[PDB]
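There is one chain below, alone, in structure tokens, taken in the form deposited in one PDB entry.
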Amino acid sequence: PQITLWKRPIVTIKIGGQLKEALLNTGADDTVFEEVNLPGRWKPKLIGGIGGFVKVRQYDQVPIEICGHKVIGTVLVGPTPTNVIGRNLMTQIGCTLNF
């Protein structure tokens, strides 16, 4: 699709056997979800850095469906007001900025 930016670019996600929403965020390097229970191995990751760091769980090679596109990428699990699709997964669905 082509998504204009007059509104926040929120899209539908299938992840961890659940239906979720997430923000397509070109300003984010990484992808973050809260309230998902992902299977398999994880390792801790420190992110943020302003005011302190936040410790999240890093899951590698997570299957995820983003707006109908079944792809694979790293997903961080930790607190976030809106789930975020970062560049690491936008590259996987072939998403570009165009003007």
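The first residue of the shown sequence is 1; numbering continues from there.
J.: Going by the average Cα B-factor in the PDB entry, point out whether 56 to 64 or 34 to 42 comes out higher.
T.: Taking the mean C-alpha B-factor of 56 to 64 and of 34 to 42, the larger value falls to 34 to 42.
J.: Going by the average Cα B-factor in the PDB entry, point out whether 84 to 92 or 12 to 20 comes out higher.
T.: Between 12 to 20 and 84 to 92, it is 12 to 20 that shows the higher mean C-alpha B-factor.
J.: Of the three thirds of its chain by CA temperature factor, lowest, middle or highest, which one includes residue 2?
T.: Within its chain, residue 2 is a highest-third residue by C-alpha B-factor, going by the deposited values.
J.: Report the third (lowest, middle or highest) to which the CA temperature factor of residue 47 belongs, ranking only the modelled residues of the same chain.
T.: Within its chain, residue 47 is a highest-third residue by C-alpha B-factor, going by the deposited values.
Same protein, other form: the form deposited with a partner chain bound, not shown, and the subject of what follows.
J.: Identify which of 35, 60, 65, 29 has a heavy atom within 4.5 Å of the partner chain in the deposited complex; exactly one of them does.
T.: Of the candidates 35, 60, 65, 29, 29 is the one lying within 4.5 Å of the partner chain in the deposited complex.
J.: State yes or no: in the deposited complex, is some non-hydrogen atom of residue 39 no more than 4.5 angstroms from a non-hydrogen atom of the partner chain?
T.: Close contact is absent here: in the deposited complex, residue 39 is far from the partner chain, nothing within 4.5 Å, heavy atoms only.
J.: With a 4.5 Å heavy atom cut-off, would you call residue 49 a contact of the partner chain in the deposited complex?
T.: Answer yes; at least one heavy atom of residue 49 falls within 4.5 Å of the partner chain in the deposited complex.
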